[PDB]
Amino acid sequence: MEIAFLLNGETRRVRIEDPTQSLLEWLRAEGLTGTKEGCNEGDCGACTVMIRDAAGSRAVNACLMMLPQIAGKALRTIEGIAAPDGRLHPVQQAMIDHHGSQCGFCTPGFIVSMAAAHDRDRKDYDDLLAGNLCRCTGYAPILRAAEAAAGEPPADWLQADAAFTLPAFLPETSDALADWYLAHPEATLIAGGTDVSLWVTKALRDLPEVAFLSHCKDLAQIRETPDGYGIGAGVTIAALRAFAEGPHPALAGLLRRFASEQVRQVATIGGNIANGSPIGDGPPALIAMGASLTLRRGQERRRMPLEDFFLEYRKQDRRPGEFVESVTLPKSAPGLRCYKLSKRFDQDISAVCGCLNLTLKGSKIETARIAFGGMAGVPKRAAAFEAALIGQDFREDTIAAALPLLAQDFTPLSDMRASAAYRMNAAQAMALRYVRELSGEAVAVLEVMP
């Protein structure tokens, strides 16, 4: 198999024999030693590389990304951030000026993350560089550097890559995929790869029969249907957050703390849903807002409430030859709030994840849509708490009274993330949170002035 791409301003044609090989490994084997390996788990951002195509330019993790995915794209690593003549990028110089490096090992990753950010005039550095771990500097000098280089024109040699092109199955369209997966039910489907590639790097697994869904535009669509928004499974979390900015600020506010920017750019909603994780952050949000899932078995097109998809741990309502096609969100959900709790705010998976969405018919609670992650082995609604809330007065004391029912709704687990007691306590904590927020009370720690 043969793919092509623009590696640091020059076209490169590669003969793919091992489809599972990561972009990090390939580059370093090429002697492009500038991209570092910090963890091989998508967590630290030392391997941050800059890809470009029709969609624009973005920073991604080289260790998560597999080669076939960069076909027909413009890859720009650290050894290419500087101009052909040797002149340093505004980002690079500013880091030297503002002592943004110490040991240096995390610098290539930051420079790429900052350059890609500079290329799109993006300025939310907290969120932008959350996926970039530095253990030396305290981040303070890296912020100065970023701000100092922000008052500079974009690199033209980096913008020049835009004028490009204008063993493993790669479907162009959903039809092509549907036919193929129908005959190949045992195949390993790869969307973003931010879960699949961990099996190869950490679990040290081999994967025969592979397909790449990231080259399938009609699967990656956000369309407006009469009933709501039919969001395709190929849509990236970064994209879903961007869309939700308007219609659903609460999901967008939750997706901010989904993974990191380098992961959000390639991780998809279909991947997050088809993974079926009890700690997955997508489903608890979507279930709480009563979103419907759409499954496709070639031509077969089943529909269901998202919560019904998840049967048991490592068990989903998924037919052989059937793939997650799309979700459908309602046009509105103003009663939605989403609380993710973890040790650290950025780049840390949930211990407890509470999404609450109550309807009020003037003081009295009409509908209860309360969903949790990490409280079970499968994302589910708090049945007993929900039921015992219908018709009640919307005040703390009433909610305080129904709180114990959650201990009959869930039996939390203990591990390194949290103790079962705490998980239970924090689930009930999110209910008192929900009431206080709607009563116009200060509750969020992240919204506090220094």
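Note that residue numbering begins at 1 and tracks the sequence as displayed.
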Between neighbours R205 and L204, residues that the deposited sequence lists but the model omits: none
Comparing 50 to 58 with 387 to 395, the one whose average Cα B-factor in the PDB entry is higher: 387 to 395
Mean C-alpha temperature factor, higher of 129 to 137 and 366 to 374: 366 to 374
Options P108, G72, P171, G80 - largest CA temperature factor per the record: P171
Residue, from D85, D119, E209, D346, that the PDB entry assigns the highest Cα B-factor: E209
Within-chain third of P305 by Cα B-factor, per the entry: highest
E261 - Cα temperature factor, lowest/middle/highest third of chain: lowest
Entry-reported Cα temperature factor of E147, expressed as the chain third it lands in: lowest
B-factor third for the C-alpha atom of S277 within its chain: middle
For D156, the third of its chain into which the C-alpha B factor falls: middle
